[PDB]
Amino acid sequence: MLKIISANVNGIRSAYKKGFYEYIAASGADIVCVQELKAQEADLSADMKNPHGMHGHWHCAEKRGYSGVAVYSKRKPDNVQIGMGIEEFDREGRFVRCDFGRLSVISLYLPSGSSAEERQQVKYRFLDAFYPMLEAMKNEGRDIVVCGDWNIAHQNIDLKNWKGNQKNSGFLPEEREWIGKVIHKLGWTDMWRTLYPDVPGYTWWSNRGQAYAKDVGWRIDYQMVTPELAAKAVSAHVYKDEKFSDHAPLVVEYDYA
């Protein structure tokens, strides 16, 4: 029995102030994947590195209060890879991977290109560099969960206002196409959609207007899983009882040992 949680915390410190540290243990989660630390190794409390005695591995940005991802695990990773082998992005702490034997979990924070132009460009280049290793990972012939903030809504059902957002970063045709390829041409399972084909399952809501109240959201947080493990999926839900961030934790349970 295996439970994986993926959460963009929007400031690890903010989240800890909002009750996330307790959630890490109450959830029963065996592995937690976090994005948007907004912190560097120095700013990290010991409780934000080894929560409840879990192991932990992180990759922080070369800028204070920016990006970074981590994975915490009740078990000790017999291997770990920080950064994705190309510095241009590794400078932004955007990719951590952990291998527990046959299993590999990775925390990913794909670049948001909504703020401005060059950001969109970088996002595209990131997709370019990433696709090949998504493929290689697929080919590894093992159980791999790539979870995190993919910053791309796949289809109309994946966001309330699909109509007016077709010209905004996050729902452009190219992005949806990329996702499509990684799911179909590459064979990665979008675990949530595959588990509940009709439920939207938003994971994010803009701070604008009353988006969070009117449930005007996006499903931009994924758990992309390999076929064999995917099939072993049994449950999933978006935890929404407490709010630790402008994202919500996405929890998936697999029958696996």
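Numbers for residues come from their place in the sequence shown, where the first is 1.
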{"property": "Entry-level comparison of average CA B-factors, 206-214 and 28-36, reporting the higher stretch", "result": "206-214"}
{"property": "Between the two ranges 131-139 and 106-114, the one averaging a larger CA B factor in the entry", "result": "131-139"}
{"property": "C-alpha B-factor winner, where the candidates are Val71, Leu172, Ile157, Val146", "result": "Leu172"}
{"property": "Third of the chain's Cα B-factor distribution that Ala46 belongs to, per the entry", "result": "highest"}
{"property": "Chain-wide C-alpha B factor ranking for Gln223, given as lowest, middle or highest third", "result": "middle"}
{"property": "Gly56 CA temperature factor, ranked by third within the chain", "result": "lowest"}
{"property": "Chain third (lowest, middle, highest) by recorded CA B-factor, residue given as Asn151", "result": "lowest"}
{"property": "Chain-relative CA temperature factor third for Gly201", "result": "lowest"}
